[PDB]
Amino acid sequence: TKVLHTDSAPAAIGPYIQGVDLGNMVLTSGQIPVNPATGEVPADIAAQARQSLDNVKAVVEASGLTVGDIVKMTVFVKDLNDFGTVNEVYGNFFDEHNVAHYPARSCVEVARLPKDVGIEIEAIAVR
């Protein structure tokens, strides 16, 4: 087991690590749309969706793996009315990374997220 840490994902400010490498599998903590360079969250959902995805990417890359190694993700959103926009950003993100296939996924609307963000994404990648 190895702790994953990267300055390209929001700093772990609390009792948790950004992600963990189990050897054959990598698990990331749920990533909120905080910009790692400023500590701020963009106002619009499209930008938040892309920021969370970029954060997931940073944690996965810290293990030496790539976006294409992601096999499952869970997407928690604050409002499914924005699902069209989130899916568009989400699909485009994987397309832009030239992945062989999209990962398996679960998506649900929650009552609230940390810092009142509109989305949180956790992922599983395999080596």
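Quick note: we count residues from 1 along the sequence shown, nothing fancier.
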{"property": "Which of 86-94 and 64-72 has higher mean CA B factor, as the PDB entry lists it", "result": "64-72"}
{"property": "Mean C-alpha B-factor comparison - 48-56 and 34-42, higher one", "result": "34-42"}
{"property": "Of the residues 107, 17, 22, 111, the one carrying the largest Cα B-factor as recorded", "result": "22"}
{"property": "Among modelled residues of the same chain, the CA temperature factor third for residue 10", "result": "highest"}
{"property": "Modelled-residue ranking by C-alpha temperature factor, third containing residue 121", "result": "lowest"}
{"property": "Assigned third (lowest, middle, highest) for the C-alpha B factor of residue 100", "result": "highest"}
